[PDB]
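Before any questions on how it binds or moves, here is one chain, the form deposited in one PDB entry, in C-alpha cells.
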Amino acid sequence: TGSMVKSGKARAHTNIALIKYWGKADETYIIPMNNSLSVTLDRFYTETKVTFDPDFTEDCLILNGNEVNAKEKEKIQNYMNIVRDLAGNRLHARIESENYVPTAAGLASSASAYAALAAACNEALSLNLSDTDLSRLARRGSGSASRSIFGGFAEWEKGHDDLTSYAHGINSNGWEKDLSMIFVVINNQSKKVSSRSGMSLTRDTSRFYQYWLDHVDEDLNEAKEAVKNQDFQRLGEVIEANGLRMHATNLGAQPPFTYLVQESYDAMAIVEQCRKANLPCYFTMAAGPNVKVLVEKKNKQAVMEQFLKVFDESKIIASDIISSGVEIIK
C-alpha cells in the first residue's frame, strides 16, 4: 500500500436471532425496544476491505466487484461520516466488500456487512476500539450487526442510548460447537420488502405489540437459563414460541401483514414431525418466509433428510455455529 494509505480488512459472520429484535425505541441511533439473542453462523459471512487515502475525495463502495447506485452510495457516505468523527479525521475510503451470504435465497447480509466494515475501519485507522465499542459502531449501521462482532451465542443489550445499546458474547461452555442450523429456502415473491420498515409499522400501530413486550424478557431469561444448562429442548421451545409471537405482532399491525407463506407452514410441520419422531429441533423465521431449523449437530443430517423428502436439495442448506468473533484478514 501507499505511504500515507491506511487499510484494513475484516471477515464477519452472519448471525440468526433466536430471541427476536423487532421494533426500535430510537430510529436514528437504532436503539431496540427489547434485548435479542442470536447465534453466529460458521457458513455465511462478509469480507470487507477499506482503504483510506488523503487524495480520495468521496467514499466509494464496490460490492462483489460491482459499483453500487447513488442511493447505496449516499448511505455508505453517511455511515462513514460516523467513522470519520469517531477517528477525528476527514479521510474518505474505498470500500471493497464481498458477501459470502445466500442473499438471492433471502438470507440477510446486513449483520455481517456492518460488523465487517466496523472491524475493518477499526483496523485501518488503529482506533483500538473495545468489542463493546465495535458493537456500538456496527449497531449504527444495522441493529443485528451489533451481535455479529461475536461468535457463538451473543446478546444485544437494549440500553437507553448510543452509549449503552450494544452486544456481548455469551460463554456457553462450548455448547455452540454442538449446535447447527438448517436453512429452508422458501419460494417467495421477488418484490421489494423491508425489515426496518415492517417492524416500524408494527411497533407503531400493532394491536398485539404490548403482548410481545410483556413476554420478551421472560422469554429471554428462560433462553439464557436454558443455555447455561445446555438444555436444548428448553432453549428450543422458548425460542420457537418467541419467534412465533414476533410474527403474531405483524398480524395486529394497521393494516396487517405477514412474512410467512404456506410453504413456511409446511416446513414448520416437518419440524414438529421430526420432534414426534425423536429428532429434536425448532424453527424460527426473520423478515421473510425462509424457515431456519435449530438442531443438534448430531441430528443435523437426519433432520435434513426429512426435509429432503419434500424440498429441492438446493433449498436445504446447513451451517454450523462458529465459536470465534470478527476476524482481521488479508
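Between two forms, the rigid core is the largest collection of C-alphas that superpose within 1.5 Å. Sequential numbering from 1, following the sequence displayed.
Enquirer: Looking at the entry, does 216-224 or 183-191 show the higher mean C-alpha B-factor?
Expert: Higher of the two, by average CA B-factor, is 183-191.
Enquirer: Should the higher mean CA B-factor in the entry be assigned to 68-76 or to 205-213?
Expert: Looking at the recorded C-alpha B-factors, 68-76 comes out higher on average.
Enquirer: Could you check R136, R147, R84, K177 and tell me which one carries the biggest Cα B-factor in the deposited entry?
Expert: The listed residue with the largest C-alpha B-factor is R84.
Enquirer: Which one of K158, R196, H247, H168 shows the biggest C-alpha B-factor in the PDB entry?
Expert: Highest CA B-factor of the listed options: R196.
Enquirer: How does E123 rank on Cα B-factor within its chain, lowest, middle or highest third?
Expert: It falls in the bottom third of the chain.
Enquirer: Which third, lowest, middle or highest, does the CA B-factor of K49 fall in along this chain?
Expert: It falls in the bottom third of the chain.
Enquirer: How does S319 rank on Cα B-factor within its chain, lowest, middle or highest third?
Expert: Middle third - that is where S319 ends up once the chain's C-alpha B-factors are sorted.
Enquirer: Ranking every modelled residue in this chain by its Cα temperature factor as given in the entry, which third contains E237?
Expert: Middle third - that is where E237 ends up once the chain's C-alpha B-factors are sorted.
Enquirer: Which third of the chain does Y265 land in by C-alpha B-factor: lowest, middle or highest?
Expert: Within its chain, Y265 is a lowest-third residue by C-alpha B-factor, going by the deposited values.
The following text describes the form deposited in another entry, which does not appear among the structures shown.
Enquirer: If you fit the rigid core between the shown form and the other one, which of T103, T164, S130, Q210 ends up with a C-alpha shift of 2 Å or more?
Expert: So the only displaced C-alpha belongs to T103.
Enquirer: After a core superposition, would you say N250 shifts its C-alpha by at least 2 Å between the shown form and the other one?
Expert: After core superposition, the displacement of the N250 C-alpha between the shown form and the other one stays below 2 Å, so no.
Enquirer: Does superposing the core leave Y265 with a CA shift of 2 Å or more between the shown form and the other one?
Expert: No, because once the rigid core is superposed, the C-alpha of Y265 moves less than 2 Å between the shown form and the other one.
Enquirer: Is the C-alpha displacement of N221 equal to or greater than 2 Å between the shown form and the other one once the rigid core has been superposed?
Expert: It does not reach a 2 Å shift.
Enquirer: Look at the CA atoms of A105 and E313: state whether they lie closer or farther apart in the other form than in this form, given a difference of 3 Å or more.
Expert: So the answer is farther.
Enquirer: Between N188 and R207, does the Cα distance in the other form come out closer or farther than in this form, changing by 3 Å or more?
Expert: They are farther apart; the C-alpha distance rises by 3 Å or more in the other form.
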